[PDB]
Amino acid sequence: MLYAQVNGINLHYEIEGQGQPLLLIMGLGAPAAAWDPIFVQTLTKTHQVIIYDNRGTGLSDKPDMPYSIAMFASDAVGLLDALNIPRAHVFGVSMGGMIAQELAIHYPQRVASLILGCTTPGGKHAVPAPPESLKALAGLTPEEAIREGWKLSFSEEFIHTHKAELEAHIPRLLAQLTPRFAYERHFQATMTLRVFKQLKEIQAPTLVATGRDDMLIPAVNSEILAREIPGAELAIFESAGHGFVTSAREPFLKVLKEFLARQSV
Ligand SMILES: CCCC(=O)OC(CO)CO
């Protein structure tokens with residue numbers, strides 16, 4: 001129901017809670033509805049949490065044009081401008097983490113602190129998973145694509161013991177599908193990231209976090225990020241993968257809240 005007009009397009013967002021602003025940036029082809037709800041609701045107790053649909057996703061406009069990480073970052077800053085927020089804590093997951101890096105480099109004045117979740121600096125120094133594995137875009141229903149996607153983010157035992165919790169998220173994901181053309185624009189956007197050499201210039205206090213057994217974005221990329229960014233802290237969660245925000249939710253909340261309690265806008 002709420003929209004901000006940014007760079008000539010409409011971006012759907014939701015904002016909740018009181019406290020310092022915390023902007024959450026979601027990954028490849030994923031709308032705000034993809035956020036773990038307990039994670040987001042818990043953060044609203046201490047922070048004013050902003051979530052949103054990147055262009056191409058959810059209820060935002062979906063222009064069929066080349067997308068880039070710079071463009072996504074410009075959209076995020078424009079959202080903050082529309083909300084009249086001069087400075088925000090930024091947490092980005094996966095491609096959202098790439099957007100966050102771009103924000104910290106090119107718009108440092110807008111970024112109070114930086115949290116980089118299961119992400120990568122891209123380029124020849126990064127380690128990707130096979131492009132093949134990013135086929136959670138098949139011949140499958142959207143529902144069965146989501147269930148197959150869980151195998152990339154969660155262990156078999158986690159999927160078994162948390163079945164009801166995972167399945168309850170399906171309707172929220174199916175409510176606004178990312179169309180194939182937009183998904184491809186997001187995928188190509190991931191190859192426009194040119195930040196490795198500039199990571200050392202990031203001034204924001206930084207936390208880098210991932211699951212050790214991430215099969216989609218190898219966890220070594222977090223070690224690379226943490227090494228390059230001055231003063232960056234590193235949190236690797238042991239029995240967890242790409243879906244660590246869900247499968248390591250309480251340990252990550254504890255680390256994230258402790259990090260944020262030492263920060264300000
Ligand atoms: C500072 C803006 C407060 C605001 O209007 O949003 C509220 C109500 O949704 C939650 O933060």
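For ligands, and for the atoms within them, numbers begin at 1 and follow the listed sequence. Below, all heavy atoms of this structure are taken into account, side chains as well, without hydrogens, waters or symmetry copies. FYI, the numbering just counts along the sequence from 1.
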Query raised in the report: Quick one: which ligand 1 atoms are inside 4.0 Å of a heavy atom on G17?
Result: 10 (C), 11 (O)

Nearest neighbour in protein (non-hydrogen) for [atom]:
atom	value
atom 6 (O) of ligand 1	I15 CG2, 4.0 Å
atom 7 (C) of ligand 1	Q18 OE1, 4.3 Å
atom 2 (C) of ligand 1	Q48 OE1, 3.7 Å

Query raised in the report: Should the pair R147-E143 be classified as a salt bridge under the 4.0 Å nitrogen-to-oxygen rule?
Result: yes

**Report entry** Charged N-O contact under 4.0 Å between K254 and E250
**Finding:** no

Query raised in the report: Is the count of non-hydrogen atoms from other residues, nucleotides or ligands lying under 6.0 Å from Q109 atom CD greater than 12?
Result: yes

Report summary line: Exactly one candidate in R87, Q263, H89 meets side chain to side chain donor-acceptor pair (under 3.5 Å) with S113; the answer is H89

